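Peer 1: First the structure, then my questions, so here it is.
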Amino acid sequence: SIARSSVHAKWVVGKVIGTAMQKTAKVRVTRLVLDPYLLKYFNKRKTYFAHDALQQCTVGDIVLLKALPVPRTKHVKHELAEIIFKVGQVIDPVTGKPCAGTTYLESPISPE
Amino acid sequence: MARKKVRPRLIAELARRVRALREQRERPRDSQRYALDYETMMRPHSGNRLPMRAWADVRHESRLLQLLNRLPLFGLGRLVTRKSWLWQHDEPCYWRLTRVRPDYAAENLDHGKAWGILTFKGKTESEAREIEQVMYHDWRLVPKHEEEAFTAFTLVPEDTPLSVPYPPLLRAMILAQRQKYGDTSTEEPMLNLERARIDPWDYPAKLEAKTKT
Amino acid sequence: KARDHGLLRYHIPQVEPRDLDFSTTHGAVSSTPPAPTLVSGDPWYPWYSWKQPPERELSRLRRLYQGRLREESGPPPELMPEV
Amino acid sequence: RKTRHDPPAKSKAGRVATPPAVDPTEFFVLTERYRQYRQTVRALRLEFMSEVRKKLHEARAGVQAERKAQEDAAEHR
Amino acid sequence: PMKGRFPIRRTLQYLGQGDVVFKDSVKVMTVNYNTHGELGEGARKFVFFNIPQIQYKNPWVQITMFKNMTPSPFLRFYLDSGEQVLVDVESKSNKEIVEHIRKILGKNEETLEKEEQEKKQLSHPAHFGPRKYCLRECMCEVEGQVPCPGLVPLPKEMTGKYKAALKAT
Amino acid sequence: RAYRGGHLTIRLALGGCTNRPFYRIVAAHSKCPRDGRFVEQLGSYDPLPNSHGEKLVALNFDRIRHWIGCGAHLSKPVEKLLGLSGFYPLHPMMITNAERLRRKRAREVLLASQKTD
Amino acid sequence: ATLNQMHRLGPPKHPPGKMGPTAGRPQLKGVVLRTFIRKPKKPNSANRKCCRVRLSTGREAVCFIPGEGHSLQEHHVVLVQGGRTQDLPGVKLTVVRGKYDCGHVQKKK
RNA sequence: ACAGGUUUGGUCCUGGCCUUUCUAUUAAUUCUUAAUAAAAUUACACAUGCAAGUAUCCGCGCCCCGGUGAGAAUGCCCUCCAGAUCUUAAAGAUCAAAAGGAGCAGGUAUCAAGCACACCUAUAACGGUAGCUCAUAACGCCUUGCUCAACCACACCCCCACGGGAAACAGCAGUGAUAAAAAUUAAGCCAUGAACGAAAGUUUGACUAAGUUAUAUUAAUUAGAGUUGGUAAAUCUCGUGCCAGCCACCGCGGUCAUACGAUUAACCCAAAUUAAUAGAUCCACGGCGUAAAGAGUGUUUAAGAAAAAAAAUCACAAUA
Ligand code: FES
Ligand SMILES: [K+]
Ligand SMILES: [K+]
Ligand SMILES: [Mg+2]
Ligand SMILES: [Mg+2]
Ligand SMILES: [Mg+2]
Ligand SMILES: [Mg+2]
Ligand SMILES: [Mg+2]
Ligand SMILES: [Mg+2]
Ligand SMILES: [Mg+2]
Ligand SMILES: [Mg+2]
Ligand SMILES: [Mg+2]
Ligand SMILES: [Mg+2]
Ligand SMILES: [Mg+2]
Ligand SMILES: [Mg+2]
Ligand SMILES: [Mg+2]
Ligand SMILES: [Mg+2]
Ligand SMILES: [Mg+2]
Ligand SMILES: [Mg+2]
Ligand SMILES: [Mg+2]
Ligand SMILES: [Mg+2]
Ligand SMILES: [Mg+2]
Ligand SMILES: [Mg+2]
Ligand SMILES: [Mg+2]
Ligand SMILES: [Mg+2]
Ligand SMILES: [Mg+2]
Ligand SMILES: [Mg+2]
Ligand SMILES: [Mg+2]
Ligand SMILES: [Mg+2]
Ligand SMILES: [Mg+2]
Ligand SMILES: [Mg+2]
Ligand SMILES: [Mg+2]
Ligand SMILES: [Mg+2]
Ligand SMILES: [Mg+2]
Ligand SMILES: [Mg+2]
Ligand SMILES: [Mg+2]
Ligand SMILES: [Mg+2]
Ligand SMILES: [Mg+2]
Ligand SMILES: [Mg+2]
Ligand SMILES: [Mg+2]
Ligand SMILES: [Mg+2]
Ligand SMILES: [Mg+2]
Ligand SMILES: [Mg+2]
Ligand SMILES: [Mg+2]
């Protein structure tokens, strides 16, 4: 059962930047870093490459990434796991209903 | 560790290949490597001077190959003894030669590597091991009529104790632990001196290494 | 020095006892049973004492180390006197 | 300290070694002590080796390890 | 601190007084909240107050914000084994969320106290060396032992200069 | 530091100022310097007697046997130091030096008496 | 300067000091090239005894001789400090008396 | 910082420089003794002696210790870790290459674009897609050993070292040159550490114990230096007359100087004192009408705020 990885990040969540290359999406991960002087947290942006076998990435999505056990090249070290939020097509994880921002597209209290 | 300004050095790899190629092509032969001057006791090749404890044996004995060349098949199946074991051990110690390949560089054919079967203190091993310390000027050859005289051995059982008392401070902790945990037996602890058998220092070591088992 | 003699007052914090359980039962503080070699007076190991080697072994060593041999000595004294 | 490639000295280039004298009675007794001393230490060394194996095995798949593993798994569910 | 709405929350004590330690299996925490409506008061105050405290004790846990994407605020946790924990907050206050999080994925009090107890033995008091790692630096700092020759000069009988003079004489 | 080889060894590390030696029982790689980086410090050894006439020695017995169990070599003085404590049997060289002292002392006593008479 | 701007620019760090006339070295050795007299600026008027020497670094600079009376001539070896004279613009070195070819001030006799 | 001196005829405000504190090197003046710590110009050229041997021949060891800070923004922390070695019941441990990244990491944007720096299929070819890094600083340039139980790097030079230039002390001591920088061409393996031997043991300029030097601290046997207008503790009598000279900042001297030089007296440190250069420290969680500061204007991208409430305007000289 040896399927570990040498990278420090096993699971990360980032926003898709572009899908120009073939079967690979460039995503932007955001993390909070404490400024030593002001003692305040600011976002730090880093770019990651994720392999999408099904070509399901659209610019503006939020995608969970899983650490790749073996790197495929010097840059692609992560593999796409799921599409957390499709752009424009967002379903509430609680009620399982389509929504557009704040207004529900479909009323959850109307089964029929 | 790595950086973005890594320069692809190539001369270091180039030197490694040539240096490795040179030693393989220019590998010193056993005759010229072990050729020795018998007056200055200095090795012309390595520039080393032998210790004074070995000066007497060089001039008053011959090495293995000097006493092995004048044999039909270079003494296959013969028994070869060594002066080192004879002086210190009353029990017979000898080697049963399996194969031997001398080097053709020597004009007198007095060098080479040989294998054999080990018989130390009457104990015989079931595997062939390469003969160590061949170049030493202490080897001797047994006659045909004396082959059975040395072969016959009288097995003497060992009288060494199989258990010894523990060291005093370490013995106390053994008693303390079992008393603390509830084991109140007053039997004196003993150390099993059975797995710690030590071969004598003169026993030759395996020249070949050991692979993963 | 004055504080060490009690002539001057200074703060003395309250200190808890050093140990949690006060038990003298353990063998570290209680006397352990004597070793069988201790009561007899024999040395803890047989090779601690001096034993006269066989004469055959002495002859073998003299032959091996001939020329650079040194004068031998007997058993060491049991007790060393004082000058 | 010198390196591999530097040449050796000139004055100390003829001598090799000068072993000291050997006391026949003393050397044999000392040799006997070493043979028993090495054997005793080797048994202690192997005894300590087995202790390390016992300690390491208990830390990996000890009974308490399974209890801890099941407790966190049960709590998580 | 002078600037900011609540300058107290940007001091070391405030960052250090938050006691929420995630387990080793927690890697990603996703928080979604709305900037409008009275229902999101608990979520917004949780982001404004408690999130810096949570991140300070979990430097290796990624925290990402998303505003106005889901009408119902919620928190999503991603584990190492791919397990997903969904926490729903729609009326819970600032304090309720912290207590709820501390129980589902926070570490037990007994685990935290035993963790630091095992850390204390690393700095064993019986060792010697530099002040940053050991208490004493030399044996002369122990009452009763022979003091350092720098402070109190040693007697002449023990000085090596006197020992060598008599040997050569 | 990256060394070619070497074996783990428990030895004594010198310390203190001039005329005041102080050895630390430490376990470090054989190829590292005497006062260089080490794995774990075991104990201490005060070579000079105190006001009570005692030479204090500290031993980390459970950790000492742990390193010996994993194949750590021991130098000459640590074996003598462990031999005195009783964790190990008395070193053969410790006994021989004792025997030499008795014979030298016996010769000294006899030599003085011969001159006296 | 709001919080975001302060974060972007980072904390202010004091710049390293600029090297003085002696290039960061406490004292320098020079060879006398010419001896002349320099006059101060008002309201201080006098005839200051200065000299022009070339330092060990190869540069040529103007130096000043403190004290009353001197016997310095061309191609003499002297030692210069890093002090400055307030009355004379440009002069930023002083010869330390009592070293090499320049001795201490001679008491009236 | 508990602050002080200094703008102006004068007050307040804003704003620089400097004083007062501590550490190191060199120099000046001075100097009695002992102990401990430390020993530092130069990656420039080096005379001579020494720094690796051990051992019944094989073998093992031979910048490992030590030395240096040239080079490189090198790195710190951290994940993984082949391989070498030691131990043995072949699975435990020590050191850890290469490779990789949550974060952290000198100055400079008057260095703003680098110019192939990406990826897919199967192959480990071919073919196909046209991308990758970067104003959160890419790509450049300049300076530099370090975040210290220690770490990184170099071993005459040509990043390397087949080769070539060329003929090597950045091992201890010592010499030439050079620099403001000035330790003995010494003793011993007694201790400890390392190499080798089964072992007595051998080697070891690492080290141990000494030699040398006010470089620091202490004790005592030892007394000189600086300063005396103000900030800042302390003086008189003469000489000199904007002259000779003094000052860290403000300033003094132009025949009645507590500031120059000498004398008397005093003050303050003390085997040290003073000066010179570096370093610790020190700017803005402060400001933008009049002071250095809201850029000639509007929209938008990156980015960020929303949280309680509430908000599409309008007689008139917009513009084309
Ligand atoms: S510091 Fe302990 S002897 Fe000096
Ligand atoms: K001011
Ligand atoms: K020694
Ligand atoms: Mg040799
Ligand atoms: Mg020392
Ligand atoms: Mg001045
Ligand atoms: Mg002025
Ligand atoms: Mg002079
Ligand atoms: Mg003004
Ligand atoms: Mg004025
Ligand atoms: Mg000097
Ligand atoms: Mg001295
Ligand atoms: Mg041998
Ligand atoms: Mg070093
Ligand atoms: Mg330098
Ligand atoms: Mg440099
Ligand atoms: Mg560079
Ligand atoms: Mg590594
Ligand atoms: Mg491995
Ligand atoms: Mg292994
Ligand atoms: Mg080179
Ligand atoms: Mg060299
Ligand atoms: Mg050189
Ligand atoms: Mg030198
Ligand atoms: Mg010189
Ligand atoms: Mg100096
Ligand atoms: Mg001199
Ligand atoms: Mg001399
Ligand atoms: Mg010598
Ligand atoms: Mg000797
Ligand atoms: Mg020895
Ligand atoms: Mg050995
Ligand atoms: Mg000394
Ligand atoms: Mg004076
Ligand atoms: Mg003056
Ligand atoms: Mg007058
Ligand atoms: Mg004044
Ligand atoms: Mg005066
Ligand atoms: Mg203005
Ligand atoms: Mg203005
Ligand atoms: Mg504007
Ligand atoms: Mg504008
Ligand atoms: Mg937006
Ligand atoms: Mg028109």
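Protein chains in written order, with the numbering used here: chain A, 191 to 302; chain B, 128 to 340; chain C, 166 to 248; chain D, 10 to 86; chain E, 25 to 193; chain F, 24 to 140; chain G, 5 to 113.
Built from N, CA and C at the ideal position, the CB exists for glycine as well.
1. Have a look at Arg223 of chain B and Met317 of chain B and give me their C-alpha separation to the nearest angstrom.
2. According to the Cβ coordinates, are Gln90 of chain G and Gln31 of chain G closer than 7 Å?
3. Taking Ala181 of chain B as the reference, give the member of B:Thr311, B:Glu285, B:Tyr263 with the closest Cα.
4. Measuring only the C-alpha atoms, how far is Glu181 of chain C from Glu41 of chain D?
5. What are the partner residues of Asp242 of chain A, as DSSP defines its beta bridges?
6. For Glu296 of chain A, I'd like the list of residues in its chain whose CB is within less than 6 Å of its CB, leaving aside the five on either flank, ordered along the chain.
7. Whose Cβ in chain F lies nearer than 8 Å to the Cβ of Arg42 of chain D?
8. In whole angstroms, give me the CA-to-CA distance for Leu236 of chain B and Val31 of chain D.
9. Interface residues of chain A around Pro15 of chain G at Cβ under 7 Å?
10. In chain F, what lies closer than 8 Å to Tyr230 of chain C by C-beta?
11. Just by C-beta distance, which residues in the region 225-255 of chain A are closer than 7 Å to chain G?
12. Between the alpha carbons of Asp140 of chain F and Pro246 of chain C, how many angstroms are there, rounded?
13. Any beta carbon from chain F within less than 7 Å of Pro199 of chain C's own beta carbon?
14. Report yes or no: is there a C-beta of chain F within less than 7 Å of the C-beta of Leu318 of chain B?
15. Check the Cβ of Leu7 of chain G against every Cβ in chain A and list those closer than 8 Å, keeping chain order.
16. What's the call for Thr340 of chain B, buried or exposed, on a 16-neighbour Cβ count within 10 Å?
17. Any residues in the region 180-197 of chain C with a beta carbon nearer than 8 Å to a beta carbon of chain B? Which ones, in chain order?
18. What's the gap between the Cα of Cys93 of chain F and the Cα of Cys158 of chain E?
19. By the criterion of Cβ-Cβ separation under 7 Å, what are the contact partners of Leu222 of chain A in chain E?
20. Tell me which residues of the region 191-213 of chain A have at least one Cβ-Cβ distance to chain E shorter than 7 Å, keeping chain order.
21. Looking at C-alpha atoms only, which residue of D:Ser59, D:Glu60, D:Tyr46, D:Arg76 is the closest neighbour of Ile325 of chain B?
22. Am I right that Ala129 of chain F and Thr32 of chain F are in contact with their C-beta atoms under 8 Å? What's the rounded C-beta distance?
23. Rounded to whole angstroms, what's the CA-CA distance from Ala271 of chain A to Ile281 of chain A? Just pull it up for me.
24. Unbroken beta strand (DSSP E) runs of length 3 or more, entirely within the region 237-286 of chain A: which are they?
25. Following the continuous alpha helix (DSSP H) through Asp184 of chain B, name the residue where it begins and the one where it ends.
26. Quick check: the Cα distance between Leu148 of chain B and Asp157 of chain B, rounded to an integer number of angstroms?
27. At the level of alpha carbons, what is the spacing between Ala78 of chain D and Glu140 of chain E?
28. Exposed or buried, which one is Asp184 of chain C when buried takes at least 16 other CB atoms within 10 Å?
29. List the whole-angstrom C-beta distance separating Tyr80 of chain E from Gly42 of chain E, where the pair is believed to meet the contact cut-off of C-beta under 8 Å.
30. In angstroms with no decimal places, state the Cα-to-Cα distance between residue 341 of chain B and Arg225 of chain C.
31. If you follow the beta strand (DSSP E) that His85 of chain D is part of, which residue opens it and which one closes it?
32. Does at least one heavy atom of ligand 4 sit under 6 Å from the Cβ of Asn319 of chain B?
Peer 2: Reading it off the structure:
1. As a first step, residue 223 of chain B is located in the second sequence; it is residue number 96 there, counting from the start. As a first step, residue 317 of chain B is located in the second sequence; it is residue number 190 there, counting from the start. Cα to Cα, the separation comes out at about 41 Å.
2. Within the seventh sequence, numbered from 1, the residue matching residue 90 of chain G stands at position 86. Within the seventh sequence, numbered from 1, the residue matching residue 31 of chain G stands at position 27. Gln31 of chain G is positioned such that its CB atom lies no closer than 7 Å to that of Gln90 of chain G.
3. Taking the second sequence and counting its residues from 1, the one referred to as residue 181 of chain B is at position 54. Minimum Cα distance to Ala181 of chain B is reached at B:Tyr263.
4. Here residue 181 of chain C corresponds to residue number 16 of the third sequence, with the count starting at 1. Here residue 41 of chain D corresponds to residue number 32 of the fourth sequence, with the count starting at 1. Distance between the alpha carbons of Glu181 of chain C and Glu41 of chain D: 55 Å.
5. The sequence position of residue 242 of chain A within the first sequence is 52, counting from 1. According to DSSP, which records beta bridges pairwise, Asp242 of chain A is partnered with nothing at all.
6. On the first sequence, position 106 is the one that residue 296 of chain A refers to. For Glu296 of chain A, where only same-chain residues beyond five positions count, the Cβ hits under 6 Å are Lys287, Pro288.
7. Position 33 of the fourth sequence holds residue 42 of chain D. At a C-beta separation below 8 Å, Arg42 of chain D has these neighbours in chain F: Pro115, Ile118, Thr119.
8. Start at 1 with the first residue of the second sequence, and residue 236 of chain B comes out as number 109. Start at 1 with the first residue of the fourth sequence, and residue 31 of chain D comes out as number 22. Cα to Cα, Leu236 of chain B sits roughly 38 Å from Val31 of chain D.
9. Translated into positions along the seventh sequence, residue 15 of chain G becomes position 11. In chain order: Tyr227.
10. For this step, residue 230 of chain C is matched to residue 65 along the third sequence. Under the 8 Å cutoff, chain F gives no residues; its nearest Cβ is about 17 Å from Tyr230 of chain C.
11. Only those residues of the region 225-255 of chain A whose C-beta falls short of 7 Å from the nearest C-beta of chain G are listed: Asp225, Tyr227, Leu228, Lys230, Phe232.
12. Here residue 140 of chain F corresponds to residue number 117 of the sixth sequence, with the count starting at 1. Here residue 246 of chain C corresponds to residue number 81 of the third sequence, with the count starting at 1. Distance from the CA of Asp140 of chain F to the CA of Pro246 of chain C, rounded to the nearest whole angstrom, comes to 18 Å.
13. Against the third sequence, residue 199 of chain C aligns to sequence position 34. Chain F, which has no Cβ nearer than 7 Å to the Cβ of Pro199 of chain C, makes this no.
14. As a position in the second sequence, residue 318 of chain B is number 191, starting the count at 1. Taking Cβ atoms only, chain F never reaches closer than 7 Å to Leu318 of chain B, which makes this a no.
15. Within the seventh sequence, residue 7 of chain G is the residue found at index 3, counting from 1. Neighbours of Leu7 of chain G on chain A, chain order: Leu228, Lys230.
16. Walking along the second sequence from the start, residue 340 of chain B turns up at place 213. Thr340 of chain B comes out exposed.
17. So the list reads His191, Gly192, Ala193, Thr197, given in the order they occur along the chain.
18. The residue given as residue 93 of chain F occupies position 70 in the sixth sequence. The residue given as residue 158 of chain E occupies position 134 in the fifth sequence. Rounded to the nearest angstrom, the two C-alpha atoms are 26 Å apart.
19. Locating residue 222 of chain A in the first sequence gives position 32, counting from the first residue. Result: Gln79, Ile87.
20. Those residues of the region 191-213 of chain A that come within reach of chain E (Cβ to Cβ, closer than 7 Å) are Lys200, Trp201, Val202, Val203.
21. As a position in the second sequence, residue 325 of chain B is number 198, starting the count at 1. Per the C-alpha coordinates, the member of D:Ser59, D:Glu60, D:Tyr46, D:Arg76 positioned closest to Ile325 of chain B is D:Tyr46.
22. Numbered from 1 along the sixth sequence, position 106 holds the residue referred to as residue 129 of chain F. Numbered from 1 along the sixth sequence, position 9 holds the residue referred to as residue 32 of chain F. That pair is no contact at about 38 Å.
23. Here residue 271 of chain A refers to the residue found at position 81 of the first sequence. Here residue 281 of chain A refers to the residue found at position 91 of the first sequence. The alpha-carbon of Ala271 of chain A is positioned some 18 Å away from that of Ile281 of chain A.
24. Segments of the beta strand (DSSP E) lying fully in the region 237-286 of chain A: 252-257, 268-275.
25. The residue you call residue 184 of chain B lines up with position 57 of the second sequence. Run containing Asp184 of chain B: 182-186, per the alpha helix (DSSP H) assignment.
26. Translated into the one-based positions of the second sequence, residue 148 of chain B becomes position 21. Translated into the one-based positions of the second sequence, residue 157 of chain B becomes position 30. Computed Cα separation, rounded: 19 Å.
27. Looking up residue 78 of chain D in the fourth sequence gives position 69. Looking up residue 140 of chain E in the fifth sequence gives position 116. Each residue's alpha carbon lies about 21 Å from the other.
28. Translated into the one-based positions of the third sequence, residue 184 of chain C becomes position 19. Residue environment analysis places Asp184 of chain C among the exposed positions, since fewer than 16 neighbouring C-beta atoms fall within 10 angstroms of its C-beta.
29. Walking along the fifth sequence from the start, residue 80 of chain E turns up at place 56. Walking along the fifth sequence from the start, residue 42 of chain E turns up at place 18. Between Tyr80 of chain E and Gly42 of chain E, the beta carbon gap of about 7 Å places them in contact (Cβ cut-off 8 Å).
30. The structure shown does not extend to residue 341 of chain B, since chain B spans only 128 to 340, so no value can be given for it.
31. Stepping through the fourth sequence from its first residue, residue 85 of chain D is reached at position 76. Run containing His85 of chain D: none in the beta strand (DSSP E); it sits in the alpha helix (DSSP H), 72-85.
32. Within the second sequence, numbered from 1, the residue matching residue 319 of chain B stands at position 192. Result no, Cβ not under 6 Å from ligand 4.
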